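Structure 1 and structure 2 below are the same protein chain in two forms, each given by itself as structure tokens.
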Structure 1
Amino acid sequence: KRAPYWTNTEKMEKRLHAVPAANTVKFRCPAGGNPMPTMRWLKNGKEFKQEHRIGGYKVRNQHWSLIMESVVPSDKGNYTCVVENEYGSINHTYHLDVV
């Protein structure tokens, strides 16, 4: 029926985030599509794995979100959600700065 598309762009408008260390960070890319699109996250363009940071990370598919607790300076970088189904692939990038 259709390619992925962003449901709420208002949540995604702010691209640059400066947060104090120890804070929790949440990035979201609310999407729609049929079939239901999958979501994956990239850090600086590379597959972002649990082992890539001490606290790992949580993904809540129903909220199209990525969550990192107790952030540290090492967490600085680009975070890109990639949303895809049979009829297309779209992406969006946040930048995280820890202070």
Structure 2
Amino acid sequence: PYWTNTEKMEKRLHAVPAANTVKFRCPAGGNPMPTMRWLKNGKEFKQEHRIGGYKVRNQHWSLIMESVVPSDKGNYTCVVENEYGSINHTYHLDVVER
């Protein structure tokens, strides 16, 4: 598997205002079509890890978090795996206030 747009995938620092939505993408291809899982600060990102939970759209390779709160701060990492290899990218999320 391989990043489709490796130049956008160099971006790592993301800041977003509270109570809005953060969206992270990691688009890929890889024979056979790889699957994607998400990590938060190293650990597996699971639905109960934040209040709203999180939504996905695999078909557009994206993790989504609505209503962000200062505790959503941290590192988010997409893992893309097929039978033949795993690729790895981290975004860093910051939350702005007022």
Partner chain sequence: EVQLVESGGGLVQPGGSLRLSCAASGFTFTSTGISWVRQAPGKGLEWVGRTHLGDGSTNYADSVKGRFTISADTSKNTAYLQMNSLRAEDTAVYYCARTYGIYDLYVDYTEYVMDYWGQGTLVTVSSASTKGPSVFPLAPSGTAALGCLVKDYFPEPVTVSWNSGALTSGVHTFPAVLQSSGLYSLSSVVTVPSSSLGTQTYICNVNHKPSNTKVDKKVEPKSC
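Only residues modelled in both forms are compared. Numbers follow structure 1, counted from its first residue as 1. Rigid core: the largest C-alpha set superposing within 1.5 Å between the two forms.
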Checklist line | Of the two forms shown alone, the one deposited without its partner chain | finding: 1
Check: Once you align the rigid core, which of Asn78, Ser89, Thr9, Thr24 turns out to move its Cα at least 2 Å between the two structures?
Finding: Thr9
Notebook entry, point to check: To one decimal place, what C-alpha displacement in Å is found for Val59 between the two structures with the rigid core superposed?
Noted result: 1.1
Next item on the list: Check the Cα of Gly33 between the two structures on a core superposition and give its shift in Å.
Entry: 0.7
Item checked: Stretches between the two structures where the CA atoms of at least 3 consecutive shared residues shift 2 Å or more, core fixed -> 9 to 14
